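Residue numbers (full-length UniProt numbering), protein chains in the order written: chain A, 67 to 125; chain B, 2 to 72. Have a look at the structure below before the remarks.
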RNA sequence: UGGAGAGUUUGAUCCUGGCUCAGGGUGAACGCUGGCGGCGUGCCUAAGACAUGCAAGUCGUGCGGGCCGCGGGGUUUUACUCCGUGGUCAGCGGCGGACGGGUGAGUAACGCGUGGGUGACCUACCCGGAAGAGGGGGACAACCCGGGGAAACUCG
RNA sequence: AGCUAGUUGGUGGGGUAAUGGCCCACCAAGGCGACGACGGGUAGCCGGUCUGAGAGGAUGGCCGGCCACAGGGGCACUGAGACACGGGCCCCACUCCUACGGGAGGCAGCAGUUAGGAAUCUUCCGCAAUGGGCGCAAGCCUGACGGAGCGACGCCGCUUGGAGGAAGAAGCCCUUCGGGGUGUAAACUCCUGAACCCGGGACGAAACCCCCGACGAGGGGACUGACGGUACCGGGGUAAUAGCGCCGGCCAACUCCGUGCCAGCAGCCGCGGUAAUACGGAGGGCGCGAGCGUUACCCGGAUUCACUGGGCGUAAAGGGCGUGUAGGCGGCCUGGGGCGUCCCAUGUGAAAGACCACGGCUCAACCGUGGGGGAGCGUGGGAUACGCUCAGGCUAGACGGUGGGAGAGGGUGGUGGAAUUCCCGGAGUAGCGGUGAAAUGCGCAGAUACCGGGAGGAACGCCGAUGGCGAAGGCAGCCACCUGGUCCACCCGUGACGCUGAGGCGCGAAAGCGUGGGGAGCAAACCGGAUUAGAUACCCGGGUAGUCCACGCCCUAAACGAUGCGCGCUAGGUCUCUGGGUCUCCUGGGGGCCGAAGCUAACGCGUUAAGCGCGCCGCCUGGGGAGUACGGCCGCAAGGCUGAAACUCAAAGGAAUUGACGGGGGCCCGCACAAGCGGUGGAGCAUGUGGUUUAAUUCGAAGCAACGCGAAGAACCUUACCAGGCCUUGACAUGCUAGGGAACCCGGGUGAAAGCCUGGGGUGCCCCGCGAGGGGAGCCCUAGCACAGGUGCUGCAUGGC
RNA sequence: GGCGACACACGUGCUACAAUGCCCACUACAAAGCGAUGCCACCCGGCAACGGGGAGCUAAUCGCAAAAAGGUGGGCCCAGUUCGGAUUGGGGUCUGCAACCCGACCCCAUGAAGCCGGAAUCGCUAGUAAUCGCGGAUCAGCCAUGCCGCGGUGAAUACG
RNA sequence: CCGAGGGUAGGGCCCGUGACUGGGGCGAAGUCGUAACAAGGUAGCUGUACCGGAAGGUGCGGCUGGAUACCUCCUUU
RNA sequence: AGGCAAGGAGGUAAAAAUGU
Ligand SMILES: [Mg+2]
Ligand SMILES: [Mg+2]
Ligand SMILES: [Mg+2]
Ligand SMILES: [Mg+2]
Ligand SMILES: [Mg+2]
Ligand SMILES: [Mg+2]
Ligand SMILES: [Mg+2]
Ligand SMILES: [Mg+2]
Ligand SMILES: [Mg+2]
Ligand SMILES: [Mg+2]
Ligand SMILES: [Mg+2]
Ligand SMILES: [Mg+2]
Ligand SMILES: [Mg+2]
Ligand SMILES: [Mg+2]
Ligand SMILES: [Mg+2]
Ligand SMILES: [Mg+2]
Ligand SMILES: [Mg+2]
Ligand SMILES: [Mg+2]
Ligand SMILES: [Mg+2]
Ligand SMILES: [Mg+2]
Ligand SMILES: [Mg+2]
Ligand SMILES: [Mg+2]
Ligand SMILES: [Mg+2]
Ligand SMILES: [Mg+2]
Ligand SMILES: [Mg+2]
Ligand SMILES: [Mg+2]
Ligand SMILES: [Mg+2]
Ligand SMILES: [Mg+2]
Ligand SMILES: [Mg+2]
Ligand SMILES: [Mg+2]
Ligand SMILES: [Mg+2]
Ligand SMILES: [Mg+2]
Ligand SMILES: [Mg+2]
Ligand SMILES: [Mg+2]
Ligand SMILES: [Mg+2]
Ligand SMILES: [Mg+2]
Ligand SMILES: [Mg+2]
Ligand SMILES: [Mg+2]
Ligand SMILES: [Mg+2]
Ligand SMILES: [Mg+2]
Ligand SMILES: [Mg+2]
Ligand SMILES: [Mg+2]
Ligand SMILES: [Mg+2]
Ligand SMILES: [Mg+2]
Ligand SMILES: [Mg+2]
Ligand SMILES: [Mg+2]
Ligand SMILES: [Mg+2]
Ligand SMILES: [Mg+2]
Ligand SMILES: [Mg+2]
Ligand SMILES: [Mg+2]
Ligand SMILES: [Mg+2]
Ligand SMILES: [Mg+2]
Ligand SMILES: [Mg+2]
Ligand SMILES: [Mg+2]
Ligand SMILES: [Mg+2]
Ligand SMILES: [Mg+2]
Ligand SMILES: [Mg+2]
Ligand SMILES: [Mg+2]
Ligand SMILES: [Mg+2]
Ligand SMILES: [Mg+2]
Ligand SMILES: [Mg+2]
Ligand SMILES: [Mg+2]
Ligand SMILES: [Mg+2]
Ligand SMILES: [Mg+2]
Ligand SMILES: [Mg+2]
Ligand SMILES: [Mg+2]
Ligand SMILES: [Mg+2]
Ligand SMILES: [Mg+2]
Ligand SMILES: [Mg+2]
Ligand SMILES: [Mg+2]
Ligand SMILES: [Mg+2]
Ligand SMILES: [Mg+2]
Ligand SMILES: [Mg+2]
Ligand SMILES: [Mg+2]
Ligand SMILES: [Mg+2]
Ligand SMILES: [Mg+2]
Ligand SMILES: [Mg+2]
Ligand SMILES: [Mg+2]
Ligand SMILES: [Mg+2]
Ligand SMILES: [Mg+2]
Ligand SMILES: [Mg+2]
Ligand SMILES: [Mg+2]
Ligand SMILES: [Mg+2]
Ligand SMILES: [Mg+2]
Ligand SMILES: [Mg+2]
Ligand SMILES: [Mg+2]
Ligand SMILES: [Mg+2]
Ligand SMILES: [Mg+2]
Ligand SMILES: [Mg+2]
Ligand SMILES: [Mg+2]
Ligand SMILES: [Mg+2]
Ligand SMILES: [Mg+2]
Ligand SMILES: [Mg+2]
Ligand SMILES: [Mg+2]
Ligand SMILES: [Mg+2]
Ligand SMILES: [Mg+2]
Ligand SMILES: [Mg+2]
Ligand SMILES: [Mg+2]
Ligand SMILES: [Mg+2]
Ligand SMILES: [Mg+2]
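See the structure below:
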């Protein structure tokens with residue numbers, strides 16, 4: 067799971083992405099965020115589309 | 002976001018696993034394989050069983066602690 | 001009218017070498033964002049299942065028969081009746097349904113590709129040509145009556 | 001790795017449009033297979049598509065061709081054509097109704113539903129076009145097709161304005177506080193008008209049909225648009241969506257704050273463990289932009305499967321060697337055939353695409369027209385160098401002869417001494433043995449050491465080499481026998497007979513095993529003894545299997561030159577062994593050492609190449625997993641050969657270089673040890689430290705290079721610590737704001753002192769005025785600010801030292 | 001107030017364990033420093049530390065300051081002692097606001113451990129070691145036996 | 001008659017699961033040793049054989065990717 | 001005789017786990 071925090075629980079229906087992460091041994095995938103149970107890493111302002119965070123409504 | 006969440010509870014060093022990982026039994030109870038802190042590693046601060054150490058513990062998995070302070 | 005390298009084993013090097021990266025591309029998917037037009041393109045999975053509507057008919061200038069249609073009368077009427085016709089309905093007949101449309105399961109094979117062979121063949125329709133089209137008979141549908149079967153239908 | 005029995009061929013027949021084992025009856029026994037059959041897995045195949053410089057590699061979505069299949073499996077029937085998607089029969093599975101007997105189905109047609117899924121469309125309009133079928137025609141169908149819809153799903157085109165405009169508004173951000181940045185960007189003026197609205201409005205459609213003309217040509221007529229009131233055209237007419245990725249290196253683009261190896265990022269390397277150009281935000285910038293990214297897949301890069309275009313001493317990689325089968329390969333001259341090969345001609349290489357040229361859409365994408373190209377394959381002719389083949393010849397290769405060697409080549413039969421060990425005889429006695437020391441161990445039942453004899457196995461000293469032989473494994477007393485290779489000289493014979501060699505057969509150290517012997521030494525295991533923390537080990541004392549032979553099996557190895565074999569070439573010098581010669585010098589053939597060219601990552605190799613070439617074989621394709629599993633084979637077993645992958649790491653690795661190191665080597669050195677004197681350790685005390693105590697016993701110094709140290713002077717101060725009392729712009733520096741007083745002195749009360757409270761004399765300066773009186777300098781005092789103060793933390797931010 | 005604690009440990013010192021010594025009495029030889037609110041002569045009072053009086057210097061001129069081991073005379077006579085001096089009681093003195101924690105010094109008394117020190121270990125090659133005094137600096141005083149110096153006596157051995 | 005398929009028994013194969021069972025990779029500071037790298041403290045590596053907590057050890061053979069100084073005698077220039 | 005080595009010996013080489 068990329069990003070800080072996660073409403074990811076236990077019986078969470080979630081979308082894998084693919085792309086082995088270097089550190090954790092034998093973890094070859096990702097959870098793409100902003101689909102099904104996994105949600106947008108909250109209040110990321112920068113690299114957003116990669117974390118499924120919808121554009122913040124500027125005042 | 003960086004969440005302030007961790008529990009700064011102390012514990013007895015039960016047993017040394019590899020890397021610098023320890024099954025340390027806390028003040029309150031459960032023994033968790035607790036890995037040493039990075040800071041500690043940097044300042045070469047050894048630990049042996051029979052110690053009382055500060056162990057920062059996660060909300061996500063209260064099973065993997067982190068030995069923060071030099072005893 | 002065509003050819004780029006880079007990062008990474010070491011304290012440093014050269015090499016061996018692998019891993020990884022920048023290009024292009026897709027039937028794509030996902031995220032975020034999203035104004036319009038053209039053009040293509042869109043079940044890459046379960047050849048899993050399938051509700052409903054259509055997707056293959058057509059010819060009255062092959063011929064018979066039902067129902068109504070009008071022009072007439074034979075018919076007072078009620079028939080029927082005679083016919084041209086109008087149209088429909090199926091039936092028989094004829095041609096088309098073997099194309100067109102779909103899919104890729106199968107198949108590693110003369111299946112496909114390619115180049116040939118057929119003294120081992122066919123080819124409705126189409127065209128070129130030749131010759132013809134004399135006579136007789138018959139059954140079967142529809143239709144009618146009669147059943148069987150819950151229906152589908154089905155026999156006599 | 002073998003497969004096959006309608007299997008293979010025949011005769012006869014049936015069946016078919018037709019050949020045919022297609023099918024059957026009967027014979028014959030074949031047929032295919034490592035030029036990889038059968039089996040398994042996988043998969044529609046192609047024109048093409050992508051990619052690639054190309055060769056190639058992937059792929060076959062869409063469009064075109066072909067196949068197969070229409071729920072699964074049969075089967076025919078009908079027909080010109082099917083074994084038939086929207087025909088039939090049957091079985092099966094599923095759903096559907098059933099009055100339970102029975103029937104109904106088939107979307108892989110369009111659309112849709114549902115499921116599965118990351119994911120894929122509207123239950124649309126139309127027959128106007130073009131095609132289909134039928135029909136004389138009218139016409140009827142037509143989910144073919146034409147269109148419309150939806151999806152940034154791709155491609156292409158366009159919009160989100162344009163011109164001006166500060167030596168630079170604000171906001172936000174940096175700053176070294178001046179300023180910089182965002183940025184002419186905005187604001188603002190002018191312009192233009194996507195949108196949108198009004199008017200018009202297509203092309204695509206002229207045939208079929210009717211008349212004249214013969215129902216022929218030909219001429220005229222009349223009708224007809226789903227898209228669509230769309231495109232577009234004319235007028236009208238507002239400034240009118242920007243986003244997404246990235247910003248350590250690769251890679252275009254950096255600063256701040258948050259954060260502290262956490263939370264995170266990551267494609268690799270790797271950032272994060274308090275100055276993060278790598279995380280999170282901010283500004284700024286870069287890239288693209290109606291997109292931008294990520295994922296997945298393909299090619300590319302990867303000459304990383306290398307045909308073009310890699311290799312094999314040491315990096316992965318030469319089989320352990322022979323001898324060979326298949327295959328691959330092949331010397332010189334002459335002649336034919338001309339199969340390969342080349343050339344020319346033509347046929348084919350459909351269309352689309354791709355290439356070019358023009359053309360049409362307002363451009364383009366898209367499309368149209370025309371051209372060319374094309375790997376391949378077909379046929380006709382030709383060419384003959386090469387390859388091929390057949391014929392003839394030749395001697396350079398190869399083999400043979402004659403003569404001669406060298407040899408630890410192999411087998412077999414013998415035999416000769418030394419030694420060990422044992423037995424026996426003697427003589428002799430207190431130990432021997434062993435070791436770094438020891439100890440078990442054997443010894444007066446007389447060992448050891450000594451001589452005499454015998455027994456027995458096994459190995460073969462000196463020669464001995466750096467040598468020789470062998471294809472390796474290997475092989476050493478000497479003799480004899482059988483026999484293998486090999487070299488030379490003679491150039492005498494044969495006349496290309498050659499080279500390699502997948503498989504195959506053979507050999508193949510040691511250990512091992514099996515049966516039979518043999519057993520002296522030795523010696524796994526095993527039992528002792530030591531050593532040691534331990535000692536299953538080295539060191540010693542024993543000791544079995546084994547080692548030896550015979551026959552059988554095993555096959556491995558660092559079976560190594562870690563160098564496959566052959567042949568040709570390309571300096572020399574050198575030592576060597578072994579031949580030949582007109583022999584202090586040439587020439588052959590081995591074995592070494594140093595070196596030319598060359599090569600090689602280097603090391604090195606270098607006429608015995610690791611050089612230049614050629615032929616053939618083996619093998620490699622990152623490391624670990626692993627020589628492992630699984631299968632197969634072989635073996636009596638151990639085990640061997642064959643030989644993965646999942647996963648997993650960013651390496652593993654070679655060569656050398658600089659260091660560091662060494663219980664490597666040399667040369668040195670120092671009070672290093674030794675030679676010597678004196679102390680330390682022991683006493684007591686002095687001091688410093690650890691520790692512990694404590695309110696605190698400040699803080700630092702840590703092996704040498706901390707510990708009579710910072711401290712060259714702790715009663716107070718020092719003092720950094722603790723208790724308590726108090727002080728707050730404060731003991732100390734530089735300013736403000738103000739406010740009254742203000743130079744300076746002496747108390748008094750309280751208090752441990754500090755501090756606090758408070759009294760009085762106490763104002764002169766520059767002065768202006770007759771004075772009253774006023775202001776400001778110097779100087780303190782009160783309140784808030786700027787600030788001080790911190791021996792408070794970081795020597796892993798530092799300078800200094 | 002604490003840094004000065006103290007069940008211990010460890011580090012460097014100092015002084016011992018005596019007769020080559022010890023104690024006393026006389027007698028001699030240095031160097032190098034240091035000194036004005038300082039060194040302090042000399043004289044007297046003190047057992048003495050010291051005190052009071054007080055010259056001289058501003059220093060090669062006065063001081064510190066006696067050098068000590070040494071030399072001689074006297075005693076001690078091999079012991080826990082005339083070794084050894086800790087510890088502890090008393091009395092003092094000084095410097096400072098003040099010595100309780102926590103000073104130095106004097107005097108009288110007390111006379112502990114210790115008869116040359118295990119494994120180890122250190123230092124040092126010539127005026128060195130050893131041994132013996134002296135000076136400084138910090139400093140009111142000093143816990144200094146430390147440190148930095150200065151001289152006196154003065155070796156042993158280095159095969160290698 | 002052939003025949004899709006079915007039955008009956010035997011075989012093979014694949015998938016699912018599977019008690020039980022091997023079982024490898026990694027790991028900064030686990031543990032036990034110290035095998036290996038410096039005559040790595042007994043050269044190593046190597047085949048095999050036997051044994052052992054474990055690296056390993058030892059036998060036999062193989063290899064070099066391993067190694068040779070100093071006094072004191074004797075054999076001779 | 002000494003020289004310098006060639007070669008054989010014989011003696012040395014044999015003993016090493018503890019942190020912050
Ligand atoms: Mg990011
Ligand atoms: Mg390496
Ligand atoms: Mg690295
Ligand atoms: Mg590095
Ligand atoms: Mg469209
Ligand atoms: Mg499909
Ligand atoms: Mg009809
Ligand atoms: Mg079709
Ligand atoms: Mg379709
Ligand atoms: Mg197959
Ligand atoms: Mg063909
Ligand atoms: Mg074929
Ligand atoms: Mg053909
Ligand atoms: Mg027909
Ligand atoms: Mg008739
Ligand atoms: Mg026949
Ligand atoms: Mg057959
Ligand atoms: Mg038959
Ligand atoms: Mg299959
Ligand atoms: Mg398939
Ligand atoms: Mg293919
Ligand atoms: Mg197609
Ligand atoms: Mg279906
Ligand atoms: Mg069916
Ligand atoms: Mg079927
Ligand atoms: Mg049909
Ligand atoms: Mg059918
Ligand atoms: Mg068919
Ligand atoms: Mg259908
Ligand atoms: Mg459909
Ligand atoms: Mg659905
Ligand atoms: Mg679903
Ligand atoms: Mg569509
Ligand atoms: Mg319609
Ligand atoms: Mg038509
Ligand atoms: Mg009609
Ligand atoms: Mg219809
Ligand atoms: Mg369409
Ligand atoms: Mg569009
Ligand atoms: Mg999208
Ligand atoms: Mg502008
Ligand atoms: Mg205007
Ligand atoms: Mg309009
Ligand atoms: Mg604007
Ligand atoms: Mg850059
Ligand atoms: Mg980055
Ligand atoms: Mg950042
Ligand atoms: Mg994209
Ligand atoms: Mg390639
Ligand atoms: Mg090549
Ligand atoms: Mg290579
Ligand atoms: Mg290798
Ligand atoms: Mg070889
Ligand atoms: Mg051969
Ligand atoms: Mg041959
Ligand atoms: Mg030839
Ligand atoms: Mg040949
Ligand atoms: Mg074409
Ligand atoms: Mg064209
Ligand atoms: Mg144009
Ligand atoms: Mg010939
Ligand atoms: Mg010969
Ligand atoms: Mg001969
Ligand atoms: Mg005897
Ligand atoms: Mg001859
Ligand atoms: Mg001849
Ligand atoms: Mg072979
Ligand atoms: Mg043997
Ligand atoms: Mg023995
Ligand atoms: Mg033993
Ligand atoms: Mg023992
Ligand atoms: Mg033994
Ligand atoms: Mg045997
Ligand atoms: Mg063997
Ligand atoms: Mg060798
Ligand atoms: Mg060998
Ligand atoms: Mg080999
Ligand atoms: Mg061979
Ligand atoms: Mg030889
Ligand atoms: Mg030679
Ligand atoms: Mg050269
Ligand atoms: Mg050489
Ligand atoms: Mg030579
Ligand atoms: Mg090479
Ligand atoms: Mg093996
Ligand atoms: Mg097996
Ligand atoms: Mg190396
Ligand atoms: Mg010494
Ligand atoms: Mg020191
Ligand atoms: Mg420093
Ligand atoms: Mg420090
Ligand atoms: Mg102190
Ligand atoms: Mg002690
Ligand atoms: Mg005593
Ligand atoms: Mg005595
Ligand atoms: Mg010296
Ligand atoms: Mg060793
Ligand atoms: Mg071994
Ligand atoms: Mg050996
Ligand atoms: Mg190697």
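Even for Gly, the Cβ is constructed at its ideal location relative to N, Cα and C.
The Cβ of residue 2 of chain B sits closer than 7 Å to at least one Cβ of chain A. Inclusion of residue 79 of chain A and residue 109 of chain A in the CB contact set at 7 Å is not warranted, their separation being larger than that value. For residue 70 of chain A, the neighbours in chain B by C-beta distance under 9 Å run, in chain order, 2, 3 and 4. Residue 36 of chain B has B:22 and B:67 as its beta-bridge partners, per DSSP.
By the beta-carbon neighbour count (other beta carbons within 10 angstroms, threshold 16), residue 117 of chain A is buried.
Looking at the DSSP output, residue 125 of chain A bridges to nothing.
Judged by their CB atoms, residue 54 of chain B and residue 68 of chain B are nearer to each other than the 7 Å cut-off. Legend: CB atoms of the segment 103 to 118 of chain A lying less than 9 Å from CB atoms of chain B belong to residues 107, 108, 109 and 110. Under the three-state reduction of DSSP output, residue 53 of chain B falls in the strand class.
Residue burial annotation: residue 27 of chain B is buried, with at least 16 other C-beta atoms found within 10 angstroms of its C-beta.
Residue environment for residue 84 of chain A: exposed (fewer than 16 other C-beta atoms within 10 angstroms of its C-beta).
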